[PDB]
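Engineer: Structure here, sequence nowhere to be found:
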């Protein structure tokens, strides 16, 4: 029904970007919102659109937002260690690894991610989240964890590639619960909820064959029943559209997906 | 009515991005679609979402789209000069400035822009589009400012990069990408010559300014004076559809003074 | 350039069959899309096209049985769904005769063609 | 156009001193990018006030700059011996170029009776020997460079 | 651990030789990145083969490596003297670590009769003059250091 | 730490193209800008051009337009200045410098400089007549000139003696 | 042109900690990972870990886990190796080597090599009690002996020159 939780931005533009002001010759970044307005701790665990790629070493590419410079390349490359104790976005302060010579309002994204440092040589576990600042005391804390429902149902994640090496040499896929277009649509059109879940159909737009049926829970995640030990929904083609079939109860038994 | 024109992508993700195969040790990038698919030259001037930041030098960053690397930093920095005759996206090939060490499928965006080279010191004019190497043309039709003292209204976003005047590097736009995605999703038919949009402050429900949306897909207004216009309007407002209007609908001028 | 248009096999499978012909030279089998006699027959009979596609049987004049079935499109090419990557229309005999049944659409997905 | 600077500026050691830089509206008043360059006659210049009223690291706080309207001014407080150099102001131009000034020869009197220079730290006298060395050798290669073409033409004339 | 390698394999000039690197599934079989190396005794090692069969620029096409199941092999064709060096295989282990091979030895037995020395080309001879000094320089590195080893605790003893 | 190393001094004939280099090491070559600064002997600095290491981006001074061509090679991390139509004014101190920082906009990291000196001539006209003439006894004036440089340093030694003379009795 | 140079050969008393640097220039420092490779005299190459120039990121072999400590300096573009509790087998040719290319994933560009030396002696605190009087003289007397040992391998060098003289 369309209330973003945690640090979900409305649009893709402010999705993984962060903005802040840093003093010259210092590595502390005082976070602000993407539009430049001051960030409030009690609003959210982090400024809207703050990255949540946990268990990895960020590598940012900041730049001065007003673009005062006239000659040189404005891209400044630094790295952030979310496992470090100084990584406290809830307190509107994160410390970069390297000092930045020029002070000013900096805006940047995550360029690539490496396996986390000072963490026993663990792999880039994109399914975990960085330990934000102390949020139990404040009203705004992390969004509740989405546990997988029973009835042999598994949460379906949408995977996109981020640059950066991983210990296994596998593609670096960042999983997400819902596509950002769906989140924007839900935010814009705040339709109410009439059932414990929404029965989505993954249908090929042209051939109109029902590739598989998915349940959309009000918490904002898609679940499915894999057919067997096979990967299940991963075999599905990407040229498909989810169509809302009906409102269903929680105990609805999905037809197994995949072969 | 939700019909994209030119190299317009549906979602923001495929904006200012390009994917292609380049042989090791070379500098020519053979463009493909963003999803690793062959690109049809006849359908579009360029692969979907290919940048149109013309009259400026692109400084791209690239990485292999399957992460086959376990050790080193995957981003490779290169530059593309659109004014060069070798920059021909229509023929699915653009040549980077520097050589690329290892071959493979590289995805990449525009990291920053600099004033165009080989142009007599011209500034980074973002109001022009690259040549695209077209040879009939399937480009999006050029939008002209209508008469009746109407001027097209553009939306500006900052891309990093220097400019000859030290001013913000704001790129113009015709319609926010969320509007484009909504139009594509909701193929609402056009029932009038133009759509009158009210710019309403959500908290106070006050129409700060009124705008005309043309079926071509661009938003126009009427400035109160040469020194004012939509720039004074607060950014927190939301466009609310009001009615279908004829081309001769005379808007109330926006701005002050 | 008013060139003729390239044909894309639509939907799942539905590959486009080709009529190989041999030309002497270096060692050759050039493909084809429609027989010239079929072109002449189509030109002679100016009848309208119904539905989205025309379903065809590859019937044998001997047994009058449909060994294989094909979907004919107004674009001027033939499509079929093979049993597998290798097994498909190639296994069909060369002595068969093509006929016309009715006009079908993308809803009608042909049963796989070939012996595997 | 070319930036204009005073030919020479004088000041006794100990007190403050102001250096002026005047340009056109576009060159110095149009943009806030004016850089002050101090160059000892021997070696390369180095940053003093690379942006107006802003100071690069590794530079004493004595050198400070300011711009009032269409004129940029260097102000130096506590002037002493080792500031003897030619000072240049460089600013951005409307032509997307960087312009340079003529340069001011900072004339600081010292050691008229030769007692002032020895009154400084003992390093300064050794520094003074290290201070004279750079521009004291430039003339050598200055003759050497022309020497590299006072005689090649005459042997070329011999072959002619 | 370490990749098991043959202690030494030799072949006459002209007949191609093959050196194989062995390891477990986690070392070689699991991952496609195996690097084949070669070290002059005095010079630093450089890269022959990386990514199983991909070859960096600057090394002749004759070198060619391959992976067969759990075993990786390097092929050298038409051997001469300049290939006489130890070959090292390295694979990316499952423990997020790079592990080096034991280190194989290859020696060209040609020239022992002392008649094949002249059979080498003048360029082949010329590099041999400039090759027997650097690896002897590697030896004196050990000669200057076994005695630096036993000199060390008298310098302390003289102090103490 | 970053160093800017120039190719070195070289004397060029008038009207002959002069090629200079500036080595860059210890920093990312493409991020910062490279500038070219010329200082006429005892006349002051002047700016001729600046180069985009990340591809093209040649912008020079208006009076140098059509005269200076600049290029770079990312493989060797060097920047090359080329000049045309060498005349008596181009003999000066050629400098390569970069901004102190990506957002600094101040040239503070300069090189050693090259003393590219143009042959002013003024001796071809007098010594072209009579062919060889007496230049045979004039081309051997290489050795005697060395004594003058010994005399110059004596003048240089004259002025680098008083500070110690004031130091000893200080 | 890109090259790696290091501190040089060092001599260390076992049980202490050795510090090794590796100067990197001619390329973007943070772009390429830096590896550390050691080679004992007469033994194969060993891999003691890797260092990410971009913000720490150390991964070292299990047999050297907890022994090496590697850090980088972004200002000077130098990577530091620190190994504590040197042992008899720890003396080796210490190489710092970056990858040939970002996507090559093969050590192609190596350093000049550094030689950390270990002796560990046999019983030297015993030697301090009574041999310290003539220990320096025994050293100085033995100095020319190895000087002709370099001449001994010079004789080997001249011995192998004769076959190449016939080759010419």
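Structural biologist: Good, I have the coordinates. Numbering: from 1, shown residues only, chains lettered A, B, ... in the order given.

Engineer: Now do the strands in the chain.
Structural biologist: If you meant another chain, say so; for now it's chain A. A:18-22, A:26-32, A:57-64, A:76-80, A:94-100, A:104-114, A:154-156, A:158-161, A:173-176, A:197-203, A:210-216, A:222-224, A:241-248 (DSSP state E).

Engineer: oops, I was thinking of chain F
Structural biologist: F:3-6, F:18-25, F:34-40, F:44-51, F:59-60, F:68-73, F:78-83, F:92-99, F:107-110, F:114-116.

Engineer: Of those, which is nearest residue G:77?
Structural biologist: strand F:18-25 (9.3 Å; CB to CB). C-beta coordinates here come from the backbone N, C-alpha and C atoms, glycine included.

Engineer: so, in contact with chain D or not, that closest one?
Structural biologist: No - using CB under 8 Å from any CB of the partner chain, strand F:18-25 stays clear of chain D, coming no nearer than 12.2 Å.

Engineer: Going by neighbour count, which residues in that strand are buried?
Structural biologist: Counting neighbours by 16 or more other CB atoms under 10 Å in any protein chain shown, one finds that the buried residues in strand F:18-25 are F:18, F:20-25.

Engineer: Any chance of CSV for the strands of chain A, columns distance to residue D:39 and mean neighbour count?
Structural biologist: What follows is the strands of chain A, written out as CSV (distance: least, CB to CB, whole Å; neighbours: other CB atoms under 10 Å in any protein chain shown):
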stretch, distance to residue D:39, mean neighbour count
strand A:18-22, 32, 22
strand A:26-32, 31, 18
strand A:57-64, 30, 24
strand A:76-80, 30, 23
strand A:94-100, 29, 20
strand A:104-114, 29, 22
strand A:154-156, 67, 18
strand A:158-161, 52, 14
strand A:173-176, 53, 16
strand A:197-203, 71, 20
strand A:210-216, 70, 20
strand A:222-224, 67, 22
strand A:241-248, 69, 14
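
Engineer: Reformat these as JSON lines; add distance to residue D:158.
Structural biologist: What follows is the strands of chain A, written out as JSON lines (distance: least, CB to CB, whole Å):
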{"stretch": "strand A:18-22", "distance to residue D:158": "68"}
{"stretch": "strand A:26-32", "distance to residue D:158": "67"}
{"stretch": "strand A:57-64", "distance to residue D:158": "62"}
{"stretch": "strand A:76-80", "distance to residue D:158": "60"}
{"stretch": "strand A:94-100", "distance to residue D:158": "62"}
{"stretch": "strand A:104-114", "distance to residue D:158": "65"}
{"stretch": "strand A:154-156", "distance to residue D:158": "90"}
{"stretch": "strand A:158-161", "distance to residue D:158": "72"}
{"stretch": "strand A:173-176", "distance to residue D:158": "77"}
{"stretch": "strand A:197-203", "distance to residue D:158": "91"}
{"stretch": "strand A:210-216", "distance to residue D:158": "91"}
{"stretch": "strand A:222-224", "distance to residue D:158": "92"}
{"stretch": "strand A:241-248", "distance to residue D:158": "89"}
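
Engineer: want to throw those strands into TSV with distance to chain B?
Structural biologist: Listed next are the strands of chain A as TSV, based on distance: least, CB to the nearest CB, whole Å:
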stretch	distance to chain B
strand A:18-22	11
strand A:26-32	15
strand A:57-64	4
strand A:76-80	9
strand A:94-100	14
strand A:104-114	6
strand A:154-156	19
strand A:158-161	6
strand A:173-176	8
strand A:197-203	15
strand A:210-216	17
strand A:222-224	18
strand A:241-248	10
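
Engineer: if we can go back for a sec, and chain G, which of the buried residues of strand F:18-25 contact it?
Structural biologist: Near chain G, judged by CB under 8 Å from any CB, the entries from the buried residues of strand F:18-25 are residue F:25.

Engineer: Quick check: residue D:135 touching residue D:85?
Structural biologist: No - counting by CB atoms under 8 Å, residue D:135 stays clear of residue D:85, with 9.8 Å between them.

Engineer: From residue B:237, how far off is residue B:202?
Structural biologist: 7 Å (CB to CB, to the nearest Å).

Engineer: Could you do residue D:83 as well?
Structural biologist: Residue D:83 is 57 Å from residue B:237, by CB to CB.

Engineer: same check, this time on residue B:161
Structural biologist: Counting by CB to CB, the gap from residue B:161 to residue B:237 is 29 Å.

Engineer: Which among the strands of chain F is found nearest to chain C?
Structural biologist: Ranking the strands of chain F by their distance to chain C (criterion: CB to the nearest CB) puts strand F:68-73 first, at 40.6 Å.

Engineer: Longest helix in chain F, please.
Structural biologist: helix F:142-159 (DSSP state H).

Engineer: How about chain D?
Structural biologist: Per DSSP H, chain D has its longest helix at helix D:122-150.

Engineer: So which elements touch that helix?
Structural biologist: Helix D:122-150 sits against helix D:115-119, strand F:114-116, helix F:142-159, helix F:162-168, with contacts defined as 3 or more CB pairs under 8 Å, 6 or more residues apart in numbering or on different chains; DSSP states H and E.

Engineer: any idea which of those is most buried?
Structural biologist: strand F:114-116 (a mean of 22; mean count of other CB atoms under 10 Å in any protein chain shown).

Engineer: Please state the offset of that one from the chain centre?
Structural biologist: 3 Å (CA atoms, centre = their mean, to the nearest Å).

Engineer: Tell me if that strand is near chain D.
Structural biologist: Yes - between strand F:114-116 and chain D, judged by CB under 8 Å from any CB, the touching residues are residue F:115.

Engineer: And the contacts of that strand?
Structural biologist: The contact list for strand F:114-116, computed with CB atoms under 8 Å, 6 or more residues apart in numbering or on different chains, reads D:141-142, D:145, F:6-12, F:18, F:20, F:90-94.

Engineer: What are the buried residues along stretch D:66-75?
Structural biologist: In stretch D:66-75, counting by 16+ other CB under 10 Å, buried: D:67, D:72-74.

Engineer: Ends of that stretch, what's the gap?
Structural biologist: Its first and final residues considered, stretch D:66-75 spans 8 Å by CA to CA, to the nearest Å.
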